[PDB]
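Numbering (the numbering used here), first residue to last: 104 to 309.
From the three backbone atoms N, C-alpha and C, an ideal C-beta is built for every residue, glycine too.
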(Lines of atoms letter the chains of each structure in order from A and count residues from 1; the text may use other names and numbers.)
(Lines give C-alpha, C1' and ligand atoms only; values in the text may rest on other atoms or scores of the structure.)
Protein backbone atom coordinates (compact mmCIF):
# COMPACT_ATOMS: atom_id res chain seq x y z
CA UNK A 1 0.00 0.00 0.00
CA UNK A 2 2.19 2.85 -1.23
CA UNK A 3 -0.32 5.27 -2.89
CA UNK A 4 -3.72 5.35 -1.21
CA UNK A 5 -5.13 8.69 -2.35
CA UNK A 6 -5.50 10.73 -5.53
CA UNK A 7 -2.10 11.31 -7.01
CA UNK A 8 -0.65 12.07 -10.45
CA UNK A 9 3.07 11.90 -11.25
CA UNK A 10 5.83 10.13 -13.18
CA UNK A 11 7.61 7.01 -12.10
CA UNK A 12 10.38 5.13 -13.91
CA UNK A 13 9.58 6.58 -17.31
CA UNK A 14 5.80 6.37 -17.08
CA UNK A 15 3.04 8.85 -16.17
CA UNK A 16 0.93 7.30 -13.41
CA UNK A 17 -2.33 8.12 -11.70
CA UNK A 18 -4.35 6.92 -8.76
CA UNK A 19 -7.89 8.37 -8.79
CA UNK A 20 -11.07 7.57 -6.85
CA UNK A 21 -14.15 9.41 -5.71
CA UNK A 22 -15.61 8.94 -2.16
CA UNK A 23 -16.14 5.55 -0.53
CA UNK A 24 -14.08 2.50 0.38
CA UNK A 25 -10.34 2.41 -0.22
CA UNK A 26 -7.66 1.55 -2.76
CA UNK A 27 -3.90 0.89 -2.83
CA UNK A 28 -1.43 1.20 -5.75
CA UNK A 29 2.23 0.13 -5.70
CA UNK A 30 4.45 1.44 -8.42
CA UNK A 31 6.89 -1.06 -9.90
CA UNK A 32 9.46 -0.86 -12.70
CA UNK A 33 8.62 0.81 -16.02
CA UNK A 34 4.93 0.58 -16.73
CA UNK A 35 4.21 -1.95 -14.01
CA UNK A 36 2.20 -1.59 -10.86
CA UNK A 37 -0.08 -3.52 -8.54
CA UNK A 38 -3.49 -2.34 -7.40
CA UNK A 39 -5.96 -3.40 -4.73
CA UNK A 40 -9.37 -1.91 -4.11
CA UNK A 41 -12.15 -2.57 -1.55
CA UNK A 42 -15.81 -1.43 -1.71
CA UNK A 43 -15.22 1.62 -3.90
CA UNK A 44 -17.76 3.65 -5.89
CA UNK A 45 -15.33 4.43 -8.79
CA UNK A 46 -11.51 3.99 -8.87
CA UNK A 47 -8.90 4.13 -11.73
CA UNK A 48 -5.22 3.03 -11.53
CA UNK A 49 -3.00 3.57 -14.52
CA UNK A 50 0.49 3.93 -15.98
CA UNK A 51 1.20 5.21 -19.43
CA UNK A 52 2.36 8.24 -21.39
CA UNK A 53 1.05 11.83 -21.55
CA UNK A 54 1.79 13.98 -24.61
CA UNK A 55 2.01 17.67 -25.44
CA UNK A 56 -1.24 17.68 -27.44
CA UNK A 57 0.39 18.91 -30.65
CA UNK A 58 0.28 15.61 -32.55
CA UNK A 59 -2.35 13.33 -34.05
CA UNK A 60 -1.84 9.63 -33.40
CA UNK A 61 -0.71 9.29 -37.07
CA UNK A 62 2.03 11.83 -36.49
CA UNK A 63 3.18 10.05 -33.37
CA UNK A 64 3.43 6.76 -35.18
CA UNK A 65 2.49 3.17 -34.43
CA UNK A 66 1.47 2.90 -30.77
CA UNK A 67 1.58 -0.54 -29.09
CA UNK A 68 1.25 -1.85 -25.59
CA UNK A 69 2.59 -5.32 -24.66
CA UNK A 70 0.92 -6.19 -21.39
CA UNK A 71 0.08 -8.80 -18.81
CA UNK A 72 -2.18 -8.52 -15.78
CA UNK A 73 -3.10 -11.02 -13.09
CA UNK A 74 -6.60 -9.60 -13.12
CA UNK A 75 -8.86 -10.53 -10.26
CA UNK A 76 -11.82 -8.25 -10.04
CA UNK A 77 -14.69 -9.12 -7.67
CA UNK A 78 -17.49 -7.16 -9.16
CA UNK A 79 -17.56 -4.61 -12.00
CA UNK A 80 -14.24 -3.53 -13.40
CA UNK A 81 -12.40 -2.88 -16.69
CA UNK A 82 -8.89 -3.73 -17.88
CA UNK A 83 -8.34 -1.27 -20.77
CA UNK A 84 -6.13 1.15 -22.58
CA UNK A 85 -7.57 4.53 -21.62
CA UNK A 86 -6.81 8.10 -22.61
CA UNK A 87 -7.80 11.41 -24.19
CA UNK A 88 -7.48 13.60 -27.21
CA UNK A 89 -8.15 17.32 -27.44
CA UNK A 90 -9.65 19.37 -30.25
CA UNK A 91 -11.86 17.46 -30.24
CA UNK A 92 -11.95 16.49 -26.57
CA UNK A 93 -12.48 12.71 -26.55
CA UNK A 94 -12.20 10.16 -23.71
CA UNK A 95 -11.51 6.62 -24.92
CA UNK A 96 -11.26 3.00 -23.87
CA UNK A 97 -9.96 -0.11 -25.60
CA UNK A 98 -11.26 -2.85 -23.23
CA UNK A 99 -9.65 -6.29 -23.11
CA UNK A 100 -11.24 -7.63 -19.93
CA UNK A 101 -13.82 -6.74 -17.37
CA UNK A 102 -15.48 -8.02 -14.23
CA UNK A 103 -19.16 -8.84 -13.97
CA UNK A 104 -20.34 -6.36 -16.63
CA UNK A 105 -19.09 -6.00 -20.19
CA UNK A 106 -19.25 -2.26 -21.08
CA UNK A 107 -20.58 0.14 -22.25
CA UNK A 108 -24.29 -0.57 -22.63
CA UNK A 109 -24.64 1.05 -26.06
CA UNK A 110 -25.50 -0.09 -29.55
CA UNK A 111 -22.49 -1.32 -31.53
CA UNK A 112 -21.28 0.77 -34.49
CA UNK A 113 -19.33 -2.15 -35.90
CA UNK A 114 -16.37 -4.38 -35.34
CA UNK A 115 -12.59 -4.35 -35.53
CA UNK A 116 -10.59 -7.61 -35.91
CA UNK A 117 -7.22 -7.00 -34.42
CA UNK A 118 -4.59 -8.70 -32.28
CA UNK A 119 -6.32 -12.00 -32.90
CA UNK A 120 -9.58 -10.91 -31.34
CA UNK A 121 -12.83 -9.22 -32.23
CA UNK A 122 -13.89 -5.86 -30.77
CA UNK A 123 -17.17 -4.01 -30.93
CA UNK A 124 -17.10 -0.23 -31.34
CA UNK A 125 -19.30 2.18 -29.38
CA UNK A 126 -19.71 5.93 -28.94
CA UNK A 127 -21.49 7.66 -26.04
CA UNK A 128 -21.92 11.33 -25.11
CA UNK A 129 -20.82 12.63 -21.71
CA UNK A 130 -22.83 15.76 -20.82
CA UNK A 131 -21.27 18.35 -18.53
CA UNK A 132 -19.01 15.83 -16.92
CA UNK A 133 -15.49 16.25 -15.51
CA UNK A 134 -12.67 16.17 -18.11
CA UNK A 135 -9.04 17.15 -18.60
CA UNK A 136 -10.47 20.50 -19.67
CA UNK A 137 -12.91 21.00 -16.80
CA UNK A 138 -16.69 20.49 -16.91
CA UNK A 139 -17.45 19.68 -20.50
CA UNK A 140 -19.61 17.82 -22.96
CA UNK A 141 -17.66 15.36 -25.04
CA UNK A 142 -17.77 12.01 -26.81
CA UNK A 143 -16.44 8.77 -25.31
CA UNK A 144 -15.15 6.13 -27.72
CA UNK A 145 -14.98 2.43 -27.04
CA UNK A 146 -13.48 -0.70 -28.56
CA UNK A 147 -14.60 -3.69 -26.39
CA UNK A 148 -13.31 -7.25 -26.94
CA UNK A 149 -16.01 -9.86 -27.45
CA UNK A 150 -14.24 -12.24 -25.04
CA UNK A 151 -11.89 -11.51 -22.09
CA UNK A 152 -8.09 -11.36 -22.50
CA UNK A 153 -5.44 -10.45 -19.87
CA UNK A 154 -2.21 -10.48 -21.85
CA UNK A 155 -0.86 -9.92 -25.30
CA UNK A 156 -0.31 -6.89 -27.46
CA UNK A 157 -2.87 -4.17 -27.89
CA UNK A 158 -2.20 -2.47 -31.29
CA UNK A 159 -3.55 0.89 -30.00
CA UNK A 160 -3.07 2.65 -33.32
CA UNK A 161 -5.25 0.13 -35.11
CA UNK A 162 -8.20 0.97 -32.81
CA UNK A 163 -7.62 4.67 -33.38
CA UNK A 164 -7.62 4.25 -37.14
CA UNK A 165 -10.82 2.15 -37.00
CA UNK A 166 -12.65 4.71 -34.85
CA UNK A 167 -11.84 7.43 -37.41
CA UNK A 168 -12.91 5.09 -40.26
CA UNK A 169 -16.25 4.61 -38.49
CA UNK A 170 -16.75 8.40 -38.42
CA UNK A 171 -15.51 9.05 -34.88
CA UNK A 172 -12.83 11.74 -35.19
CA UNK A 173 -9.84 12.01 -32.95
CA UNK A 174 -8.04 15.08 -31.76
CA UNK A 175 -4.36 15.52 -30.85
CA UNK A 176 -3.19 12.99 -28.28
CA UNK A 177 -3.14 13.86 -24.65
CA UNK A 178 -2.70 10.47 -22.95
CA UNK A 179 -2.56 6.69 -23.58
CA UNK A 180 -2.37 4.34 -20.59
CA UNK A 181 -3.06 0.77 -19.47
CA UNK A 182 -5.70 1.18 -16.81
CA UNK A 183 -7.57 -0.86 -14.27
CA UNK A 184 -10.95 0.59 -13.28
CA UNK A 185 -13.24 -0.52 -10.46
CA UNK A 186 -16.94 0.27 -10.07
CA UNK A 187 -19.03 -0.60 -6.91
CA UNK A 188 -16.63 -3.42 -6.24
CA UNK A 189 -13.42 -4.86 -4.80
CA UNK A 190 -10.55 -6.52 -6.60
CA UNK A 191 -6.89 -6.93 -7.24
CA UNK A 192 -4.83 -6.47 -10.34
CA UNK A 193 -1.15 -7.08 -10.73
CA UNK A 194 0.07 -5.37 -13.90
CA UNK A 195 3.31 -7.28 -14.24
CA UNK A 196 3.96 -6.23 -17.82
CA UNK A 197 3.05 -2.92 -19.52
CA UNK A 198 5.47 -1.88 -22.25
CA UNK A 199 4.21 1.11 -24.25
CA UNK A 200 6.11 1.86 -27.45
CA UNK A 201 5.70 4.37 -30.27
CA UNK A 202 7.29 3.39 -33.58
CA UNK A 203 8.89 0.53 -31.65
CA UNK A 204 10.75 2.88 -29.28
CA UNK A 205 10.29 4.09 -25.69
CA UNK A 206 8.47 7.41 -25.59
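- Rounded to whole angstroms, residue 262 and residue 145 show a C-alpha spacing of 31 Å.
- Residue state for residue 147 is assigned as strand, using DSSP reduced to three classes.
- Bridge pairing for residue 231: 245 [DSSP].
- Counted as a single uninterrupted DSSP element, the beta strand (DSSP E) harbouring residue 295 occupies residues 278 to 304.
- In this structure, residue 250 sits near residue 228, with a CB-CB distance shorter than 8 Å.
- For residue 263, the three-state secondary structure derived from DSSP is helix.
- When the alpha-carbon of residue 126 is set against those of 115, 108, 218, 307, the nearest one is in 108.
- Considering only 147, 232, 151, 214, the residue with the shortest C-alpha distance to residue 300 is 151.
- In the DSSP assignment, residue 174 is bridged to 257, 299.
- Each residue's CA atom was taken as its position, placing residue 291 and residue 206 some 10 Å apart.
- Residue 282 places its beta carbon 8 Å or farther from that of residue 149.
- Taking 8 Å as the cut-off, the Cβ atoms of residue 122 and residue 199 do not count as close.
- With contacts defined by Cβ atoms closer than 8 Å, residue 153 and residue 128 do not form a contacting pair.
- Here residue 155 carries a strand assignment [DSSP, helix/strand/coil].
- Looking at the backbone, the Cα of residue 186 and that of residue 139 are separated by about 14 Å.
- Residue 163: member of the alpha helix (DSSP H) spanning 163 to 166, first to last residue.
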